[PDB]
Each structure stands twice: as structure tokens, then as C-alpha cells.
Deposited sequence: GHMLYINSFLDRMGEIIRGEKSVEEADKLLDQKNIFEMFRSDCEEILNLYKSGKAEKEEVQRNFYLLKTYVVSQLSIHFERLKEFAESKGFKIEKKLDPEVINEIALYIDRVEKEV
């Protein structure tokens, strides 16, 4: 697989950084509970694509591999970047242990595939 990559957190960060959406939005985004939920929804959406045959299994597997690798390798850095982007214009953080839980959840959901 080679095309499919849902990631709501990443796209929403990009909207704010490109100045397409208000920096005020960083506040709900930088909330670890909402972040955990965003990824859950991503997982549910990707899985629904597989279940309905709309995306082939290999594209959904690629998306899960990318999503897990994003959470493990980039999410902590991105959160801090966006936290710093926001503050440098006028709070909370993301516990490494929540990041693990997101990775765990993606591992779980995927087993279905």
C-alpha cells in the first residue's frame, strides 16, 4: 500500500501553523484527552474503510503503521512545537504515558485487520 494516511492531529496542527485557523484552536488541540480521542476516531475511520471495502487491506495496514510510527516518533515533538508556536503569541502537556496508551490502542485496533 502507498496512498492512505488519515491523521487528524497532524492535519489540524498544519491548519494552525499555516495560519488557516485561529491560534486559539491550539488550546483544545493541545489537550491530551482530545488528542487520545482524535487518534481513536482515526483508528475507527481507517478500520471502517477496511470493513466496507473502500480501502484495501494493504492501504489500511500502511496507514496504521504510519499512524503508530507518528505517535511513537513525532507526536511528542509536534505537541511541544505547537505548544511553543502558540505561547510565542499568547499551559498543559502531554504525558509520555498517554502517548504509550495511544500506541497501545492502535496496536489493538489493528489486530482486526
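**Student:** Please report every deposited-sequence interval that has no C-alpha in the structure, sorted by position.
**Tutor:** Residues missing from the model, as numbered along the full deposited sequence, span only 91-93.
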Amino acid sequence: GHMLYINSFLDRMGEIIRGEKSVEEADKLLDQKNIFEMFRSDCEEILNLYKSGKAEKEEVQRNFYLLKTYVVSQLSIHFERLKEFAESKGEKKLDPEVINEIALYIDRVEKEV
From here on, numbers count along this sequence of modelled residues.
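**Student:** For the higher mean C-alpha B factor in the entry, choose 5-13 or 18-26.
**Tutor:** It is 18-26 that shows the higher mean C-alpha B-factor.
**Student:** 62-70 versus 30-38: which one carries the higher mean Cα B factor per the record?
**Tutor:** Averaged over C-alpha atoms, the B-factors run higher in 30-38.
**Student:** According to the PDB entry, is the CA B factor of residue 43 in the bottom, middle or top third of its chain, that is, lowest, middle or highest?
**Tutor:** It belongs to the lowest third of the chain when residues are ordered by C-alpha B-factor.
**Student:** How does the C-alpha B factor of residue 82 compare with the rest of the chain: lowest, middle or highest third?
**Tutor:** Ranked within chain, residue 82 CA B lands in the highest tercile.
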